[PDB]
Amino acid sequence: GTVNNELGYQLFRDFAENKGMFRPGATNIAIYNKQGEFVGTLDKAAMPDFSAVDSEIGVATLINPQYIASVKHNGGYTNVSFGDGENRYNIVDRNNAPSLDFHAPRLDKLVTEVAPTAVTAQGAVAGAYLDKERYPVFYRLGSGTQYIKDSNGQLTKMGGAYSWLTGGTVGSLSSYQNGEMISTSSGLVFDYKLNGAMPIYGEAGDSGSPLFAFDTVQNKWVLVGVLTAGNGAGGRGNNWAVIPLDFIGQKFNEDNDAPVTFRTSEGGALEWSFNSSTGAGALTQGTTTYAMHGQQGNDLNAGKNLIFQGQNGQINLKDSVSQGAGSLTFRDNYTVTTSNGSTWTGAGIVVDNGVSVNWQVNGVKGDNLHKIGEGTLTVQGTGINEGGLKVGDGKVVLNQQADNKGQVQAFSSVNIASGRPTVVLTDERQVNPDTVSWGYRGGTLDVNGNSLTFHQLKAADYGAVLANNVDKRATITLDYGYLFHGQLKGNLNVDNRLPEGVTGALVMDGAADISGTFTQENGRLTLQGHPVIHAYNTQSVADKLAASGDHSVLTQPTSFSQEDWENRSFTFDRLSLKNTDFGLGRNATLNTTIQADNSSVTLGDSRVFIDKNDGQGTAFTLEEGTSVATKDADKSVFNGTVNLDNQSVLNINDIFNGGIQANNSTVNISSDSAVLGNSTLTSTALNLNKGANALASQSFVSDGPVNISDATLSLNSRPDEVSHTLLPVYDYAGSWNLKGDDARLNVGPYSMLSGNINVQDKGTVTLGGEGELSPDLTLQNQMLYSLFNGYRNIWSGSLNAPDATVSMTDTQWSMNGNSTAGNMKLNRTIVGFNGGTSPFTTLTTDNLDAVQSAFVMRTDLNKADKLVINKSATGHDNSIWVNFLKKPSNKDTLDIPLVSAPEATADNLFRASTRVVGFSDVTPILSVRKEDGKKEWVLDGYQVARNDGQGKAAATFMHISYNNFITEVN
Ligand SMILES: [Ca+2]
């Protein structure tokens, strides 16, 4: 083909192979220049499926499951391949048109891998292919001699014919030779308005290559013709022969014997005698008889097709029949029996849609039965069948019976291809599991309740489905690293129990949606997304094009750095992991309960894999590399619960939504979008590392450390959102331990916090923020909300945070030992000392801003708790409550400094409480003096308690309701 040098070559390559943006059904594909300018759009119909075209050189196109279409001057080729190339179909009659440069070759077998294309509804009608209303667009592809043309018509040859495929658009076509031939100036490769978005001209070797058109009357793509010639290299135009409808009609029809009808009236069965050496046979239901022809010597063309019909036919074979290229077609249900061990072979069987054929006739060693049509073939022979099976459409039920030696075998191998068919196993004796392979676009193997063991999964791609569709659960035991491209579906468990000390990864870039459990023991498991397969060339062709300044040419189907990946989704009841390394890479979603024992689990693992043979068939070449999702759309997702036990490690680097139940393990979070639900950690550190951002959205209980280094942990609510559906939660750690300047511990309203808080560096701890409870609260939700005593936040622990900024609103802080803070902000918060009396407790801060807040210090008349402020104290309307732990007497005196602050601080920033805490029934009296470089508030007397209609005094500071505290301040 010849293309213009303005568009990137890879477009034409990908277009021809239905890859990348050119997958079948892709719509509105926009096309751009090398200089990035818009040239046009593929918007007249969805991208067509080119898979009826032969995959290696595109000189022939399947127009019937048994006939290709090409030009007769293509006299050499003797076979073609479809899809991924892993097949071979041989010509048995070139079927040349005698006046037209055109042929319609009959093949040896029925093709299973692909559907044939539809052909023009019109055929050789003069002028038809100029009506843009009916046919808006024409596409072609071929592998002729490949050039690029510049502006000034100069030609550079990139390769010979039959090296690779190129495809593109073609302009509307005029007819000549009475409508038998059509043509267009397709060589005008820079004229987009005339020739479409990707103009291409056919060259030597593009002979026979197809032309397709979108037919808006039928709303579908249609093969119109096949390419015959052009005006030489870089020439002005091409000619095509229009598919000749009367001719291909004659070619099909002449292969059919007269149509065989069963009537029950004529009696017993149709008896099928076949004389080997003449290659002839008959089908006799006692009186009536039916001609049948088969193979003759090495001549497969001597066979003719049979078409069987009539209600509930029945046919018995007396002789082994060798049908050659004759095929069978069942338009009605039939059963085909044999007591002689008569075999049958031929081109294939077609079972019409809604038809079932019980087939009890074995094959023959080294042959392959081909099955197609959308109906069902029930295979019920007796004994070992040594034949093979290639299925391509509808259903095949394997129900082979045992012989008198008890041996059974439906087939020696089974190949499932095209995406249309299903193979059903009645039991586990029909086939050796390792001999089942899935070709181009796959199909389903339905294990139908039987549990099985596979040492391999020979699967070309994502259309390969292993499944179980009945409610008798079944297990698939695997036992080969290893790559599976396919899908696992339905009522299954899957066991991947490796023997000890192995380090081979089982890799899945396909998908899974199963109702049971997936078990890995030892090794690696990697579930991941799958980069889009693209066309590629050799390194020499990519260099030649780089030489000419086009860098678009690829040298492998998939790579680690490409932007286009397919999303994959994995769903199991349970993912059980023992002694494994488990990874969920980019472009994958996992929905499971993970049950891990001595395993690592990396959610958002950057180690992922490509298959160097991806798209070339069932052979694969794994390579491991690095690919990190940077865009939310490509990021792994995990939903569910992670149970960790016995030295397990969980690394959260992806979009995570789950509860954690952990014992004797570790969790490390570096993801900036993790949401932890209800969690319990026992001997399990929880590390949030740099850049991480996590929400504990429900209760969180650990007996251990929660380490926040330059990360952000929010409990109950985030500090960039106000919620009106909060529930009261627990939040317990052995310790909350921040480090680094950027660390943040945000504790939302209705969190009951417990555990010491330790801050290294200038991190920030914030207790309280906006948010309202849900109107709908369980009883436990009510019983817990009650324990808050009118406060939004309760914390019990001690604060070691000398350079930190700490902030508390509407909080009740029970401080259990000496505490330090760099910068403290209190707003309507009550702080109660609750360390020793052995010596009392100190709170030391550098800077305290305090507003409508209170401190409750305890005394024994000799000593007390103490607030120390070193550098600045600001705010207003704070109260010192004194819990006199001994009833003071006026025959005895008081001199205890309770708050000390810079000398310049206002006097009334602190005032004595108006109310009592404790048993003493007295209020404090507080005097200001300056002393050893700081203003002091001194407990130097007491006062008989005023009864201000509040009821009894709070017994300790824990009994100071918020309403008590707040109305005292006011
Ligand atoms: Ca013929």
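1. Thoughts on the overall build of the chain
And then number 1: Helices and strands together make up the secondary structure of the chain, namely six helices and 83 strands.
And then number 2: The C-alpha atoms of the chain give 41 Å as radius of gyration, which overshoots the globular expectation for 970 residues (30 Å, by more than 25%).
And then number 3: For the chain, the spread of C-alpha atoms along the principal axes amounts to about 135 × 80 × 50 Å.
And then number 4: For the chain, the residues scored as buried account for 57% of the 970 residues in total.
And then number 5: Accessible area for the chain stands at about 37,200 Å²; split by element, carbon and sulfur atoms hold 46% of it.
And then number 6: Between the centroid of the 69 positive side chains of the chain and the centroid of its 96 negative side chains there is a distance of 2 Å.

2. Re the domain arrangement of the chain
And then number 1: In terms of domain boundaries, the chain breaks down into domain 1 (1–257) and domain 2 (258–970).
And then number 2: For domain 1 and domain 2, the distance between their C-alpha centroids amounts to 47 Å.
And then number 3: Of the residues lining the interface, 42 residues belong to domain 1; the matching set on domain 2 comes to 54 residues.
And then number 4: Both sides of the domain 1 and domain 2 interface together cover about 3,600 Å² of buried area, and 50% of this is carbon and sulfur.
And then number 5: On the domain 1 side of the contact with domain 2, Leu110, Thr112 and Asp257 bury the most area, a combined 22% of that side's loss.
And then number 6: Counting across the domain 1 and domain 2 interface gives four salt bridges.
And then number 7: Residue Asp49 pairs with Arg441 through a salt bridge whose shortest N-O separation is 3.0 Å.
And then number 8: Our enumeration of links across domain 1 and domain 2 arrives at 31 residue pairs in polar contact.

3. Remarks on the coordination of the calcium ion
And then number 1: Distances from the calcium ion to its protein donors, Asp93 (OD), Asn95 (OD1) and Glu254 (OE), fall at 2.2 to 2.4 Å.
And then number 2: Look at where the donors of the calcium ion fall in the sequence and you get D-x1-N-x158-E. Of this pair, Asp93 sits in strand β7 (residues 89–93) while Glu254 sits in the loop between α3 (245–253) and β19 (260–261), and the two are 161 residues apart along the sequence.
And then number 3: The class for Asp93 is partly exposed, based on a relative accessible area of 25%.
And then number 4: Overall, the relative accessible area of 36% leaves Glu254 in the partly exposed class.

4. Side note on the packing of aromatic side chains
In this description, an aromatic ring pair is defined by two values, namely the gap between the centres and the angle between the planes.
And then number 1: Per the counting criterion, the structure on display carries 34 aromatic pairs.
And then number 2: Aromatic side chains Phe700 and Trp736 sit 6.0 Å apart centroid to centroid with 50 degrees between the ring planes, which places their arrangement in the tilted category. Of this pair, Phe700 sits in strand β64 (residues 700–702) while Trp736 sits in strand β67 (residues 729–739); the two residues are 36 residues apart in sequence, bridging distant segments of the chain.
And then number 3: Its relative accessible area of 3% is what places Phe700 among the buried residues.
And then number 4: Residue classification places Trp736 among the buried positions, given a relative accessible area of 0%.

5. Quick word on the sheet that holds strand β35 (residues 414–416)
And then number 1: Spatial ordering of the open sheet is given by β19-β23-β26-β29-β31-β33-β35-β37-β40, a layout of nine strands whose pairing is parallel. In this open sheet, the two edge strands, each paired with only one partner strand, are β19 and β40 (458–459).
And then number 2: Bridge analysis of strand β26 (residues 327–330) against strand β29 (residues 348–351) gives four bridges, and the strand direction is parallel. Within β29, the position partnered with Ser327 by the bridge is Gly348.

6. Examining α3
And then number 1: When we look at burial in α3, the residues that qualify are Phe247, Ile248, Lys251 and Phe252. Taken end-on, α3 shows its buried residues confined to a sector of 135 degrees, consistent with a single buried face. Residues of α3 that are exposed and angled more than 90 degrees away from the buried face: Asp246 and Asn253.
And then number 2: The secondary structure elements touched by the buried residues of α3 are β4 (61–64) and β5 (67–69).

7. Let's talk about a negative patch on the surface
And then number 1: Where like charges cluster on the molecular surface, the negative patch consists of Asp741, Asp742, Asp761 and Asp803.
And then number 2: Its place among the elements puts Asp742 in the loop between β67 and β68 (744–747).
And then number 3: The exposure class assigned to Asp742 is partly exposed, which follows from its relative accessible area of 47%.

8. Comments concerning the UniProt feature "active site" in the chain
And then number 1: Under the feature "active site", the UniProt entry names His73, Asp101 and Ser207. A stretch of 135 residues holds the annotated residues, and the largest C-alpha distance among them is 10.1 Å, short enough that they meet in one place.
And then number 2: Counting through the fold element by element, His73 comes out in the loop between β5 and β6 (79–80).
And then number 3: Looking at the secondary structure, you find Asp101 in the loop between β7 and β8 (106–107).
And then number 4: Residues in contact with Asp101, not counting those within four places in the same chain, are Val71, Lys72, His73, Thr228 and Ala241.
And then number 5: A polar atom in the side chain of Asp101 sits 3.0 Å from the backbone nitrogen of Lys72.

9. Observations concerning unusual backbone geometry
And then number 1: Positioned with a positive phi, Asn448 is a non-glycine residue whose angle comes to about 50 degrees.
And then number 2: Classification of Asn448 as partly exposed rests on a relative accessible area of 25%.

10. Section: the side chain of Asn496
And then number 1: Secondary-structure assignment places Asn496 in strand β45 (residues 492–497).
And then number 2: You can call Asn496 buried: its relative accessible area is 0%.
And then number 3: Non-local contacts of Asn496, meaning those with residues more than four positions away in its chain, are made with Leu478, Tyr480, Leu506, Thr519, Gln520 and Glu521.

11. Overview of the pairing of strand β59 (residues 649–652)
And then number 1: Pairing geometry for strand β55 (residues 600–603) and β59, over four bridges, is parallel. What sits directly across from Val601, in β59, is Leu650.

12. Some remarks on empty space enclosed by the protein
And then number 1: In this structure, the largest cavity encloses a volume near 90 Å³.
And then number 2: Lining the largest cavity are 14 residues, with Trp344, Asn362, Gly363, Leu369 and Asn385 sitting closest to its centre.
And then number 3: For the lining of the largest cavity, the elements supplying multiple residues, two or more each, are β28 (344–345) and β31 (368–372).
And then number 4: The class makeup of the residues in the lining of the largest cavity is six nonpolar, seven polar and one charged.

13. Here we look at the sheet that holds strand β11 (residues 155–159)
And then number 1: Across the sheet, four strands lie side by side as β11-β10-β1-β15; this open sheet has mixed pairing. In this open sheet, the two strands that pair with only one neighbour each are β11 and β15 (200–201).
And then number 2: Direction of pairing for strand β1 (residues 2–4) relative to β15: antiparallel, over a ladder of two bridges. Its bridge partner being in β15, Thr2 is matched across the sheet by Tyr201.

14. A short note on the pattern of salt bridges
For side chains of opposite charge, pairing can occur when their charged atoms come near one another.
And then number 1: Evaluation of the coordinates by the stated rule reveals 34 salt bridges.
And then number 2: Note that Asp367 and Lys109 form a salt bridge whose closest N and O atoms lie 3.0 Å from each other. Within this pair, whereas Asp367 is found in the loop between β30 (356–359) and β31, its partner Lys109 is found in the loop between β8 and β9 (138–142), the two being separated by 258 residues in sequence.
And then number 3: Among the salt bridges present, the one from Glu772 reaches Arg792, with a minimum N-O distance of 2.8 Å. One end of the pair, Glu772, is in the loop between β70 (764–767) and α5 (779–785); the other, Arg792, is in the loop between α5 and β71 (793–796), with 20 residues separating them in the sequence.

15. Thoughts on the layout of surface pockets
And then number 1: By volume, the largest pocket is sized at about 1,200 Å³.
And then number 2: Lining the second largest pocket are 23 residues, with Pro136, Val137, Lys193, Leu194 and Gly196 sitting closest to its centre.
And then number 3: Those elements that provide at least two residues to the lining of the second largest pocket are β3 (38–42), β9, β12 (166–170) and α2 (192–195).
And then number 4: Top element by residues in the lining of the second largest pocket is α2. It accounts for four residues.

16. Brief notes about the pairing of β3
And then number 1: Inspection of the sheet shows strand β2 (residues 29–32) paired to β3 by four bridges, in the antiparallel sense. Bridged to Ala30 within β3 is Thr41.

17. Considerations on the nonpolar core
A general trend in soluble globular proteins is that nonpolar side chains are found buried together.
And then number 1: Counting residues in each nonpolar core, the largest one holds 148 residues, and the members touching the most others are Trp272 and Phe330.
And then number 2: Apart from the residues within four sequence positions on either side, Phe330 is in contact with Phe308, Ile315, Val336, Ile349, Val350, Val351, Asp352, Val355, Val357 and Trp359.

18. Re helix α1 (residues 9–16)
And then number 1: In terms of residue burial, α1 counts as a mostly covered element, since eight of its eight residues are buried.
And then number 2: Residues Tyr9, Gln10, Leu11, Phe12, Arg13, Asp14, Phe15 and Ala16 constitute the buried set of α1.
And then number 3: Two residues or fewer past α1, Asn18 is found with a positive phi of approximately 60 degrees.

Calculation rules
Residues numbered from 1 in each chain as written, not as in the entry; some residues may be left out. Heavy atoms only, no water. Helix = DSSP H or I, 4+ residues; strand = E, 2+ residues; numbered from the N terminus. Rg over C-alpha atoms; globule rule 2.2 N^0.38 Å. Buried < 20%, exposed > 50% of the residue type's maximum accessible area, 1.4 Å probe, protein only. Areas by Shrake-Rupley, 256 points an atom, 1.4 Å probe, with all protein chains shown as cover. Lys, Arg positive; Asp, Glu negative; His and termini not counted. Charge placed at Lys NZ, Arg CZ, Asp CG, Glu CD. Domains from an automatic or database assignment. Contact = heavy atoms within 4.5 Å. Buried area = accessible area lost by both parts, 1.4 Å probe. Salt bridge = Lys/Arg side-chain N within 4 Å of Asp/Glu carboxyl O. Polar contact = N/O pair within 3.5 Å; in protein donor to acceptor, adjacent residues only side chain to side chain. Donors = N, O, S within 2.8 Å, 3.2 Å for Na, K, Ca; no water. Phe/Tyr/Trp six-rings, centres within 6.5 Å; stacked < 30°, edge-to-face > 60°. Pairing = 2+ DSSP bridges. Arc of directions from axis to C-beta. Patch = residues over 30% accessible without salt bridge, like charges linked within 9 Å, V, L, I, M, F, W, Y side chains within 5 Å. UniProt positions renumbered as here; feature names shortened; annotations may be inferred. 1 Å grid on protein atoms, 1.4 Å probe; cavity = no way out; pocket = protein on both sides within 12 Å on 5 of 7 lines; lining within 4 Å. Points joined across faces, edges and corners; volume = space filled by probe spheres on them. Nonpolar A, V, L, I, M, F, W, Y, C, P; charged D, E, K, R; others polar. Core = buried A, V, L, I, M, F, W, Y, C linked by side-chain atoms within 4.5 Å.

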